[PDB]
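Okay, so here's just one chain, in structure tokens, the form solved without its partner chain.
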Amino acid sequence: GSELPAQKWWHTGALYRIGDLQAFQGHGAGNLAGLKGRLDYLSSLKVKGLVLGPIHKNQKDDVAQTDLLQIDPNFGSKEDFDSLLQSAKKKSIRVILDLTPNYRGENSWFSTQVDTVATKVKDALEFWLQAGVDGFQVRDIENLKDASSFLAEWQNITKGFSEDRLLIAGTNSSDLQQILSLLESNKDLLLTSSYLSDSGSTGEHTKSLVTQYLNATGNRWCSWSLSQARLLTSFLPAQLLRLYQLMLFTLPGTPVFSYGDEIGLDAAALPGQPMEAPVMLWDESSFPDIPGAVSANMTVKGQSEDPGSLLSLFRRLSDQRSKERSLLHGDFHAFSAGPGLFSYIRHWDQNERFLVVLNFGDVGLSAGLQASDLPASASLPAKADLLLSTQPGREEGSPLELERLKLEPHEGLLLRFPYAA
């Protein structure tokens, strides 16, 4: 564009969902105060906002006994919330509060009708906005009668308070047509879904999903996630976790993860552990129900010390995503590659371009990159420098000849090249 975007905070990197304070922090400190103790960790992830809760009083399926202005005392006090907000802001981490009303029940929106419940949400937005929250999330919106109307209203209350706040909506739907109807009356909404979840599939299929979505939504700013709540490991085999991290951190828009995504936390790796809220594995003492079962490589502490870990990959990708202009706000052009491949470039003005090449298949593949329809200003050079691969054995920092590019099974590559030459 040759004129620099005034980006919102949520364009500048990943959002990180913490839906269970107890499970995330562990026994003894499943409260708002305890979360402050994890802000240095979250800061090391370079995440730009935390999506917290819900944390409000909610008697299961009891509209009268549900109050979105009151914190459930199990999670602490309003002062604790105030102090968390303040420490978070200090570390450049913004806070989004999830206000999904009947979050302890099965229908998040209650079965008894909507206006009294939607009024609860409305009154709560003004209250929490004055307390200084940077925004809100509401999930399961497919279950909200008149969702597009209520979302527009709630978005307008939020943006009316300040342009630097936002509303995120989550849905269980994987249907593009249903998803686009939700975004119809709602231009400024980030919406998470299962649209990409469906992809445990080929590179051509993932490519078509991504480009279908981008073309349907025009120039609006997207989110990229595999679900509105669930772990990546709910949907992807281990062999694909790295590839998807690379993809989500390089697609145009805001990536959204759930706590544990950065370590490949898998709810089914450990007996008895809610798919809902798996216990966050800080170290080998983090699962005391079966003492001895957690091994170092499943933990934050073990993964931090290993440059080869998922966590180390997540941190490097997050760093790139939050500092490089072509990743922050560059255009996206996908192009023709070989059979199991999905390849694209991110490019902003004359800033360093990024080429992403993703092999979704279980066979080694020649990339056979065919540009031809790329813009001239971003065309492919003969060689680009390898920034990283999801697998070992490459010389990072040295140039690869693009014509001879070959990928290992499931390997993702991140390459960069300058404007011109």
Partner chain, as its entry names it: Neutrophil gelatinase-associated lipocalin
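Residue numbers count along the first chain shown, from 1. By rigid core we mean the largest C-alpha set that fits within 1.5 Å across both forms. Only residues modelled in both forms are compared.
- Compared with other entries of the same protein, residue 200 falls in the group left without coordinates by at least a third of them, where both flanks are modelled.
- In this crystal structure, the stretch out of 216-224 and 291-299 whose C-alpha atoms carry the higher mean B factor is 216-224.
- For the pair 45-53 and 374-382, the mean Cα B-factor is higher in 374-382.
- In this entry, the residue among 135, 330, 237, 340 with the greatest C-alpha B factor is 340.
- In the PDB entry, the Cα temperature factor peaks, among 326, 201, 309, 102, at 201.
- Per the PDB record, residue ranking by Cα B-factor puts residue 284 in the middle third of the chain.
- Ranked against the other modelled residues of its chain, the C-alpha B-factor of residue 72 as given in the entry falls in the lowest third.
- Per the deposited record, the Cα B-factor of residue 171 falls in the lowest third when ranked against the other modelled residues of its chain.
- Ranked against the other modelled residues of its chain, the C-alpha B-factor of residue 31 as given in the entry falls in the highest third.
- Remark: residue 413 belongs to the lowest third of its chain, ranked by C-alpha B-factor as recorded.
Here the subject shifts to the form deposited with its partner chain bound, a form of this protein not shown in this document.
- Annotated contact segment (heavy atom within 4.5 Å of its partner chain in the bound PDB entry): 261-269, selected among 217-225, 261-269, 78-86, 147-155.
- Site residues 26, 233 and 287 are all in contact with its partner chain in the bound PDB entry, judged by any heavy atom within 4.5 Å.
- When its partner chain is considered in the bound PDB entry, only one residue from 160, 200, 291, 308 comes within 4.5 Å through any heavy atom, namely 291.
- Checked against its partner chain in the bound PDB entry, the candidates 247, 279, 191, 241 yield a single residue with a heavy atom inside 4.5 Å, and that residue is 279.
- Contact between residue 274 and its partner chain in the bound PDB entry is found at the 4.5 Å heavy atom cutoff.
- Contact annotation: residue 30 falls within 4.5 Å of its partner chain in the bound PDB entry, judged by heavy atom distances.
- Looking at residue 301, you'd find a heavy atom of it within 4.5 angstroms of its partner chain in the bound PDB entry.
- When its partner chain is considered in the bound PDB entry, residue 122 lies well away from it, no heavy atom lying within 4.5 Å.
- Just one residue from the list 233, 326, 194, 199 crosses the 2 Å line for C-alpha shift between this form and the one not shown on a rigid core fit, and it is 199.
- The Cα position of residue 395 differs by less than 2 Å between this form and the one not shown after fitting on the rigid core.
- Superposition of the core reveals a Cα shift of less than 2 Å for residue 40 between this form and the one not shown.
- Once the cores line up, the CA of residue 373 ends up 2 angstroms or more apart between this form and the one not shown.
- 198-200, 287-292, 373-378 are the runs of at least 3 consecutive shared residues whose C-alphas each shift by 2 Å or more between this form and the one not shown once the core is superposed.
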